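Q: Sharing data-v2.pdb here; it has PDB, C-alpha atoms and all ligand atoms.
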ATOM      1  CA  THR A  21      -8.275  16.652 -10.468
ATOM      2  CA  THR A  22      -4.896  14.979 -11.080
ATOM      3  CA  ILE A  23      -2.264  13.262  -8.944
ATOM      4  CA  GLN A  24      -0.669  15.674  -6.474
ATOM      5  CA  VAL A  25       1.027  13.192  -4.155
ATOM      6  CA  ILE A  26       2.692   9.848  -4.902
ATOM      7  CA  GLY A  27       2.953   7.422  -1.983
ATOM      8  CA  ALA A  28       6.192   5.455  -2.270
ATOM      9  CA  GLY A  29       5.881   3.798   1.137
ATOM     10  CA  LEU A  30       5.506   0.023   1.439
ATOM     11  CA  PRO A  31       2.533  -1.849   2.931
ATOM     12  CA  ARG A  32       2.226  -1.713   6.735
ATOM     13  CA  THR A  33       4.040   1.636   6.999
ATOM     14  CA  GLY A  34       0.928   3.683   7.765
ATOM     15  CA  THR A  35      -0.303   4.030   4.187
ATOM     16  CA  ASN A  36      -4.004   3.835   5.108
ATOM     17  CA  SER A  37      -3.583   6.625   7.644
ATOM     18  CA  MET A  38      -1.719   8.647   5.014
ATOM     19  CA  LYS A  39      -4.529   7.965   2.526
ATOM     20  CA  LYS A  40      -6.995   9.354   5.057
ATOM     21  CA  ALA A  41      -4.715  12.281   5.920
ATOM     22  CA  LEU A  42      -4.457  13.341   2.286
ATOM     23  CA  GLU A  43      -8.230  13.005   1.858
ATOM     24  CA  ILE A  44      -8.669  15.358   4.807
ATOM     25  CA  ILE A  45      -6.140  17.846   3.398
ATOM     26  CA  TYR A  46      -7.402  17.875  -0.197
ATOM     27  CA  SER A  47     -11.088  16.953   0.271
ATOM     28  CA  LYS A  48     -10.588  14.591  -2.670
ATOM     29  CA  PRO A  49     -10.121  10.784  -2.813
ATOM     30  CA  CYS A  50      -6.824   8.978  -2.457
ATOM     31  CA  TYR A  51      -6.232   5.555  -4.002
ATOM     32  CA  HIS A  52      -5.130   2.712  -1.749
ATOM     33  CA  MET A  53      -5.055  -1.094  -1.588
ATOM     34  CA  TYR A  54      -8.332  -0.908   0.312
ATOM     35  CA  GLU A  55      -9.983   0.903  -2.634
ATOM     36  CA  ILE A  56      -9.386  -2.316  -4.558
ATOM     37  CA  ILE A  57     -10.606  -4.604  -1.804
ATOM     38  CA  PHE A  58     -13.689  -2.775  -0.609
ATOM     39  CA  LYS A  59     -14.770  -0.801  -3.697
ATOM     40  CA  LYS A  60     -13.093  -1.825  -6.962
ATOM     41  CA  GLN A  61     -12.056  -5.493  -7.170
ATOM     42  CA  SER A  62     -12.205  -5.264 -10.960
ATOM     43  CA  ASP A  63      -8.966  -3.257 -10.648
ATOM     44  CA  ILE A  64      -7.082  -6.411  -9.630
ATOM     45  CA  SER A  65      -6.839  -7.822 -13.144
ATOM     46  CA  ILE A  66      -5.835  -4.409 -14.495
ATOM     47  CA  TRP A  67      -2.966  -4.054 -12.020
ATOM     48  CA  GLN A  68      -1.925  -7.635 -12.742
ATOM     49  CA  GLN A  69      -1.697  -6.793 -16.455
ATOM     50  CA  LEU A  70       0.476  -3.746 -15.722
ATOM     51  CA  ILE A  71       2.799  -5.720 -13.424
ATOM     52  CA  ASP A  72       3.005  -8.542 -15.993
ATOM     53  CA  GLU A  73       3.987  -5.947 -18.570
ATOM     54  CA  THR A  74       7.082  -4.990 -16.586
ATOM     55  CA  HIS A  75       8.385  -8.560 -17.015
ATOM     56  CA  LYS A  76       8.592  -8.395 -20.807
ATOM     57  CA  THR A  77      12.033  -8.080 -22.392
ATOM     58  CA  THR A  78      10.685  -4.805 -23.782
ATOM     59  CA  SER A  79       7.866  -3.435 -21.631
ATOM     60  CA  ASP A  80       5.321  -1.161 -23.279
ATOM     61  CA  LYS A  81       5.829   1.955 -21.129
ATOM     62  CA  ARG A  82       3.024   3.793 -22.899
ATOM     63  CA  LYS A  83       0.577   0.987 -22.068
ATOM     64  CA  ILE A  84       1.704   1.240 -18.455
ATOM     65  CA  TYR A  85       1.376   5.051 -18.347
ATOM     66  CA  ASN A  86      -2.090   4.871 -19.878
ATOM     67  CA  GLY A  87      -3.136   2.089 -17.528
ATOM     68  CA  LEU A  88      -1.927   3.972 -14.452
ATOM     69  CA  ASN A  89      -3.718   7.118 -15.632
ATOM     70  CA  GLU A  90      -7.021   5.289 -16.093
ATOM     71  CA  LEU A  91      -6.734   3.517 -12.729
ATOM     72  CA  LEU A  92      -6.034   6.764 -10.885
ATOM     73  CA  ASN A  93      -8.648   8.895 -12.657
ATOM     74  CA  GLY A  94     -10.508  10.932 -10.082
ATOM     75  CA  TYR A  95      -7.844  10.533  -7.405
ATOM     76  CA  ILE A  96      -5.641  13.245  -5.887
ATOM     77  CA  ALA A  97      -3.074  10.792  -4.548
ATOM     78  CA  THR A  98      -2.276   7.122  -4.200
ATOM     79  CA  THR A  99      -0.659   5.043  -1.440
ATOM     80  CA  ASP A 100       0.250   1.399  -0.590
ATOM     81  CA  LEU A 101       0.707  -1.540  -2.964
ATOM     82  CA  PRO A 102       0.262  -2.012  -5.842
ATOM     83  CA  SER A 103       0.712   1.649  -6.779
ATOM     84  CA  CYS A 104       3.782   2.351  -4.625
ATOM     85  CA  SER A 105       5.765  -0.126  -6.733
ATOM     86  CA  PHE A 106       5.143   2.177  -9.724
ATOM     87  CA  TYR A 107       6.413   5.351  -8.062
ATOM     88  CA  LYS A 108       9.064   5.977 -10.752
ATOM     89  CA  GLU A 109       6.511   5.720 -13.561
ATOM     90  CA  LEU A 110       4.116   7.973 -11.641
ATOM     91  CA  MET A 111       6.903  10.538 -11.180
ATOM     92  CA  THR A 112       7.391  10.627 -14.944
ATOM     93  CA  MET A 113       3.645  11.000 -15.622
ATOM     94  CA  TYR A 114       3.189  13.652 -12.949
ATOM     95  CA  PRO A 115       6.411  15.697 -12.886
ATOM     96  CA  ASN A 116       4.958  18.176 -10.374
ATOM     97  CA  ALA A 117       3.581  15.586  -7.975
ATOM     98  CA  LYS A 118       5.387  15.309  -4.650
ATOM     99  CA  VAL A 119       6.496  11.940  -3.304
ATOM    100  CA  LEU A 120       5.778  10.645   0.185
ATOM    101  CA  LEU A 121       7.855   7.899   1.706
ATOM    102  CA  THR A 122       6.154   6.435   4.763
ATOM    103  CA  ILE A 123       8.646   4.472   6.807
ATOM    104  CA  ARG A 124       9.082   2.729  10.168
ATOM    105  CA  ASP A 125      11.333   0.387  12.166
ATOM    106  CA  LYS A 126      12.075  -2.579   9.878
ATOM    107  CA  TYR A 127      11.356  -5.248  12.517
ATOM    108  CA  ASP A 128       7.984  -3.724  13.441
ATOM    109  CA  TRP A 129       7.282  -3.566   9.693
ATOM    110  CA  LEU A 130       8.169  -7.213   9.040
ATOM    111  CA  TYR A 131       6.075  -8.329  12.004
ATOM    112  CA  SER A 132       3.071  -6.363  10.752
ATOM    113  CA  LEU A 133       3.598  -7.671   7.224
ATOM    114  CA  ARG A 134       3.570 -11.305   8.399
ATOM    115  CA  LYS A 135       0.393 -10.755  10.439
ATOM    116  CA  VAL A 136      -1.621  -9.136   7.662
ATOM    117  CA  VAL A 137      -0.208  -9.193   4.119
ATOM    118  CA  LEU A 138       2.431 -11.862   3.694
ATOM    119  CA  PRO A 139       2.201 -14.741   6.182
ATOM    120  CA  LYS A 140       4.734 -17.545   5.736
ATOM    121  CA  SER A 141       3.411 -20.395   3.607
ATOM    122  CA  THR A 142       3.054 -22.754   6.569
ATOM    123  CA  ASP A 143       1.713 -20.246   9.084
ATOM    124  CA  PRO A 144      -1.662 -21.602  10.298
ATOM    125  CA  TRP A 145      -2.849 -17.984  10.384
ATOM    126  CA  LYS A 146      -2.502 -17.834   6.603
ATOM    127  CA  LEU A 147      -5.503 -20.147   6.244
ATOM    128  CA  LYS A 148      -7.504 -17.916   8.589
ATOM    129  CA  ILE A 149      -6.714 -14.805   6.580
ATOM    130  CA  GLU A 150      -7.850 -16.613   3.432
ATOM    131  CA  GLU A 151     -11.080 -17.823   5.032
ATOM    132  CA  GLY A 152     -11.940 -14.300   6.168
ATOM    133  CA  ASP A 153     -11.036 -12.838   2.787
ATOM    134  CA  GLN A 154     -13.400 -15.304   1.099
ATOM    135  CA  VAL A 155     -16.219 -13.405   2.787
ATOM    136  CA  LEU A 156     -15.028 -10.286   0.978
ATOM    137  CA  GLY A 157     -14.679 -12.064  -2.369
ATOM    138  CA  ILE A 158     -10.883 -11.927  -2.165
ATOM    139  CA  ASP A 159      -8.914 -14.930  -3.466
ATOM    140  CA  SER A 160      -5.669 -16.076  -5.087
ATOM    141  CA  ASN A 161      -6.067 -13.430  -7.816
ATOM    142  CA  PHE A 162      -5.624 -10.697  -5.219
ATOM    143  CA  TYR A 163      -2.740 -12.443  -3.450
ATOM    144  CA  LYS A 164      -0.867 -12.960  -6.720
ATOM    145  CA  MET A 165      -1.257  -9.275  -7.593
ATOM    146  CA  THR A 166      -0.080  -8.244  -4.135
ATOM    147  CA  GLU A 167       2.958 -10.498  -4.163
ATOM    148  CA  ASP A 168       3.932  -9.676  -7.750
ATOM    149  CA  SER A 169       3.714  -5.951  -7.032
ATOM    150  CA  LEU A 170       5.894  -6.477  -3.953
ATOM    151  CA  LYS A 171       8.434  -8.418  -6.037
ATOM    152  CA  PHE A 172       8.339  -5.584  -8.567
ATOM    153  CA  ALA A 173       9.032  -3.016  -5.845
ATOM    154  CA  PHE A 174      11.949  -5.152  -4.695
ATOM    155  CA  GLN A 175      13.129  -5.618  -8.300
ATOM    156  CA  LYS A 176      13.324  -9.385  -7.940
ATOM    157  CA  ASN A 177      12.026 -12.097 -10.236
ATOM    158  CA  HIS A 178      12.978 -14.894  -7.858
ATOM    159  CA  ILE A 179      12.557 -14.287  -4.147
ATOM    160  CA  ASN A 180      11.936 -16.553  -1.187
ATOM    161  CA  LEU A 181       9.030 -14.728   0.400
ATOM    162  CA  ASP A 182       9.290 -17.030   3.433
ATOM    163  CA  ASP A 183      12.779 -15.651   4.156
ATOM    164  CA  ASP A 184      12.567 -12.951   6.840
ATOM    165  CA  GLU A 185      16.146 -11.807   6.335
ATOM    166  CA  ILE A 186      15.630 -11.227   2.598
ATOM    167  CA  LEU A 187      12.497  -9.204   3.246
ATOM    168  CA  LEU A 188      14.297  -7.035   5.799
ATOM    169  CA  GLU A 189      17.152  -6.281   3.419
ATOM    170  CA  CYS A 190      14.779  -5.630   0.519
ATOM    171  CA  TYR A 191      12.867  -3.184   2.729
ATOM    172  CA  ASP A 192      16.004  -1.199   3.619
ATOM    173  CA  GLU A 193      17.205  -1.259   0.005
ATOM    174  CA  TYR A 194      13.801  -0.092  -1.280
ATOM    175  CA  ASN A 195      13.676   2.829   1.132
ATOM    176  CA  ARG A 196      17.305   3.735   0.385
ATOM    177  CA  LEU A 197      16.594   3.672  -3.359
ATOM    178  CA  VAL A 198      13.586   5.971  -3.030
ATOM    179  CA  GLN A 199      15.707   8.544  -1.175
ATOM    180  CA  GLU A 200      18.399   8.231  -3.851
ATOM    181  CA  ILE A 201      16.262   8.648  -6.965
ATOM    182  CA  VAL A 202      13.725  11.240  -5.837
ATOM    183  CA  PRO A 203      15.146  14.757  -5.697
ATOM    184  CA  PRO A 204      15.210  15.941  -2.067
ATOM    185  CA  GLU A 205      12.839  18.883  -2.670
ATOM    186  CA  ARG A 206       9.961  16.687  -3.876
ATOM    187  CA  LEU A 207      10.463  13.994  -1.236
ATOM    188  CA  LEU A 208       9.104  13.842   2.282
ATOM    189  CA  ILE A 209      10.146  10.952   4.504
ATOM    190  CA  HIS A 210       7.312  10.490   6.978
ATOM    191  CA  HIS A 211       8.001   8.329  10.040
ATOM    192  CA  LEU A 212       5.248   6.422  11.793
ATOM    193  CA  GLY A 213       3.961   8.865  14.406
ATOM    194  CA  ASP A 214       5.175  12.119  12.817
ATOM    195  CA  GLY A 215       1.592  13.395  12.512
ATOM    196  CA  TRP A 216       0.318  16.535  10.763
ATOM    197  CA  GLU A 217       3.202  18.976  11.157
ATOM    198  CA  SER A 218       5.819  17.750   8.655
ATOM    199  CA  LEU A 219       3.167  16.659   6.129
ATOM    200  CA  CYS A 220       1.321  19.979   6.141
ATOM    201  CA  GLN A 221       4.560  21.964   5.912
ATOM    202  CA  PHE A 222       5.642  19.854   2.920
ATOM    203  CA  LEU A 223       2.330  20.333   1.109
ATOM    204  CA  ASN A 224       2.089  24.056   1.981
ATOM    205  CA  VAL A 225      -1.126  23.729   4.025
ATOM    206  CA  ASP A 226      -2.275  24.530   7.568
ATOM    207  CA  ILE A 227      -2.641  21.809  10.185
ATOM    208  CA  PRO A 228      -6.325  20.737  10.171
ATOM    209  CA  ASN A 229      -8.003  22.384  13.170
ATOM    210  CA  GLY A 230      -9.564  19.958  15.642
ATOM    211  CA  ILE A 231      -8.926  16.904  13.479
ATOM    212  CA  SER A 232      -6.559  14.236  14.755
ATOM    213  CA  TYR A 233      -4.076  12.430  12.530
ATOM    214  CA  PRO A 234      -5.570   9.088  11.383
ATOM    215  CA  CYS A 235      -4.430   5.993  13.319
ATOM    216  CA  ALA A 236      -6.195   2.806  12.153
ATOM    217  CA  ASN A 237      -5.342  -0.408  10.248
ATOM    218  CA  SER A 238      -3.284  -1.878  13.121
ATOM    219  CA  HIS A 239      -2.519  -5.595  12.901
ATOM    220  CA  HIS A 240      -4.599  -6.061  16.080
ATOM    221  CA  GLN A 241      -7.595  -4.590  14.289
ATOM    222  CA  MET A 242      -6.912  -6.613  11.147
ATOM    223  CA  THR A 243      -6.774  -9.812  13.167
ATOM    224  CA  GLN A 244     -10.127  -8.924  14.731
ATOM    225  CA  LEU A 245     -11.567  -8.184  11.294
ATOM    226  CA  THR A 246     -10.504 -11.588   9.995
ATOM    227  CA  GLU A 247     -11.968 -13.290  13.093
ATOM    228  CA  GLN A 248     -15.272 -11.450  12.756
ATOM    229  CA  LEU A 249     -15.531 -12.144   9.013
ATOM    230  CA  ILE A 250     -15.130 -15.837   9.731
ATOM    231  CA  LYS A 251     -17.664 -15.689  12.561
ATOM    232  CA  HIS A 252     -20.422 -13.744  10.784
ATOM    233  CA  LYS A 253     -19.724 -14.309   7.061
ATOM    234  CA  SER A 254     -20.891 -10.754   6.282
ATOM    235  CA  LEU A 255     -18.917  -7.498   6.169
ATOM    236  CA  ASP A 256     -22.137  -5.501   6.483
ATOM    237  CA  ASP A 257     -23.059  -7.202   9.759
ATOM    238  CA  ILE A 258     -19.727  -6.378  11.421
ATOM    239  CA  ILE A 259     -18.617  -3.098   9.830
ATOM    240  CA  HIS A 260     -19.957  -1.173  12.843
ATOM    241  CA  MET A 261     -17.084  -2.790  14.789
ATOM    242  CA  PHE A 262     -14.448  -1.217  12.532
ATOM    243  CA  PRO A 263     -14.979   2.522  12.034
ATOM    244  CA  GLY A 264     -12.477   4.688  10.173
ATOM    245  CA  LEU A 265     -11.048   1.764   8.214
ATOM    246  CA  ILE A 266     -12.561   1.187   4.777
TER     247      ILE A 266
HETATM  248  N1  LIG B   1      -1.011   7.475  13.364
HETATM  249  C1  LIG B   1      -0.298   6.278  13.562
HETATM  250  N2  LIG B   1       0.604   6.171  14.551
HETATM  251  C2  LIG B   1       1.289   5.044  14.739
HETATM  252  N3  LIG B   1       1.099   3.969  13.974
HETATM  253  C3  LIG B   1       0.210   3.979  12.942
HETATM  254  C4  LIG B   1      -0.529   5.153  12.711
HETATM  255  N4  LIG B   1      -1.348   4.911  11.636
HETATM  256  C5  LIG B   1      -1.130   3.657  11.223
HETATM  257  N5  LIG B   1      -0.210   3.072  12.004
HETATM  258  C6  LIG B   1       0.297   1.761  11.861
HETATM  259  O1  LIG B   1       0.632   1.545  10.483
HETATM  260  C7  LIG B   1       0.396   0.130  10.195
HETATM  261  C8  LIG B   1      -0.587  -0.026   9.067
HETATM  262  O2  LIG B   1       0.015   0.469   7.867
HETATM  263  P1  LIG B   1      -0.720   0.274   6.468
HETATM  264  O3  LIG B   1      -1.952   1.143   6.507
HETATM  265  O4  LIG B   1       0.227   0.719   5.370
HETATM  266  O5  LIG B   1      -1.158  -1.156   6.324
HETATM  267  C9  LIG B   1      -0.074  -0.479  11.473
HETATM  268  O6  LIG B   1       1.079  -1.005  12.168
HETATM  269  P2  LIG B   1       0.907  -2.304  13.081
HETATM  270  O7  LIG B   1       0.367  -3.452  12.244
HETATM  271  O8  LIG B   1       2.257  -2.664  13.661
HETATM  272  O9  LIG B   1      -0.100  -1.948  14.173
HETATM  273  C10 LIG B   1      -0.687   0.686  12.158
HETATM  274  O10 LIG B   1      -0.881   0.502  13.555
END
For the structure just supplied, provide its representation as structure tokens.
A:
Amino acid sequence: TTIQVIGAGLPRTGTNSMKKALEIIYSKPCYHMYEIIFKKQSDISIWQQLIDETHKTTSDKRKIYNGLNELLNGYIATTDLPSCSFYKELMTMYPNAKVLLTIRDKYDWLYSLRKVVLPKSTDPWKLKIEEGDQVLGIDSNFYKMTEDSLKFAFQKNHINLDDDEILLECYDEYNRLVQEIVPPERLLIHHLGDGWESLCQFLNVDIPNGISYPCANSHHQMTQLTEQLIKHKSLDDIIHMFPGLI
């Protein structure tokens, strides 16, 4: 089992649904941000080390390749941050792996991003997200990894993350760059709502009979999850309220 599909799409572009879609298609696991959160929080420090490495005047590419390979051992694909930021390295490591770019309307994307991943520093909701995440054992270590990997994707060292206009332009530039660098034949651009047909055609497989395309991780659901984590202080006690998520 090695990487067959590299998810280049940014957070809040349907990466969890794509993770689940690929797991249906291949019957093998796909890496995702939520693997880190709900299964493997020890991966946070590893990713942080790899992202830190890219900031050196001479990065150790071999260290990065080895680190990526160890992180993704046992997985058939990967999606979302932090791995999407390393799509060029992953292409080099896995020359026969196809690349998926999940994409959506940039304003819907920014809105979703502010609700779930990157609230503005003085958004009162930011404190609520953090309180809920405490229940899961998630703290500033995770947020630093997330933000650094986003800055890496955007190829910025200095960025005002509270600037909506910068984030919108970085999003368009990121998506444009993916389409430029990845040869057309090993790229599929998958738009939010495209479903099974284009994906299965791209991967040379049949559309899964009687199985719907995954559709969870909405910001409405995420907001409910945060609220319920705060209320009950136990993921176990509320997980029955959130099927098809983790
Ligand atoms: N099958 C589907 N059809 C339409 N939207 C989908 C979808 N699957 C996921 N999404 C949307 O993709 C976003 C989550 O992406 P990610 O998994 O990368 O975090 C959510 O957007 P919203 O927050 O606007 O609801 C979610 O609703």
Q: List the residues matched by the PyMOL selection byres (((not hetatm)) within 7 of (chain B and resi 1)) in the displayed structure as an MDAnalysis selection string, ordered by chain and then by residue number.
A: chainID A and resid 30:37 100 128:129 132 212:213 215 233:240
Q: Would you mind telling me which residue in A:44, A:93, A:60, A:159 lies nearest to residue A:147 when using only C-alpha atoms?
A: A:159
Q: Quick one: distance from atom CA of residue A:53 to atom CA of residue A:144 in Å, one decimal?
A: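 Result for atom CA of residue A:53 versus atom CA of residue A:144: 23.9 Å, one decimal.
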Q: Closest to residue A:86 among A:137, A:258, A:113, A:120, using all atoms listed in the file?
A: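 Smallest distance to residue A:86 is found for A:113.
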Q: For the structure provided, state which residues fall under the PyMOL selection byres (((chain A and resi 95) around 10) and not hetatm), and present them as a list in words.
A: residues 21, 22, 23, 24, 25, 43, 48, 49, 50, 51, 89, 91, 92, 93, 94, 96, 97 and 98 of chain A
Q: Rounded to one decimal, what separation in Å do you get between atom CA of residue A:64 and atom CA of residue A:165?
A: 6.8 Å
Q: Using all atoms listed in the file, which of the listed residues (A:38, A:173, A:158, A:133) sits closest to residue A:108?
A: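 Using all atoms listed in the file, the shortest distance to residue A:108 belongs to A:173.
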Q: If you count only C-alpha atoms, which residues fall within 8 Å of residue A:225, apart from same-chain ones fewer than 4 positions away, as a tab-separated table (two decimals) with C-alpha atoms, keeping the file's coordinate frame?
A:
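Ended up saving to out12.tsv:
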chain	number	residue	atom	x	y	z
A	45	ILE	CA	-6.14	17.85	3.40
A	220	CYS	CA	1.32	19.98	6.14
A	221	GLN	CA	4.56	21.96	5.91
Q: With distances taken over only C-alpha atoms, which of A:102, A:152, A:157, A:203 is nearest to residue A:172?
A: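 Answer, going by the shortest atom-to-atom distance: A:102.
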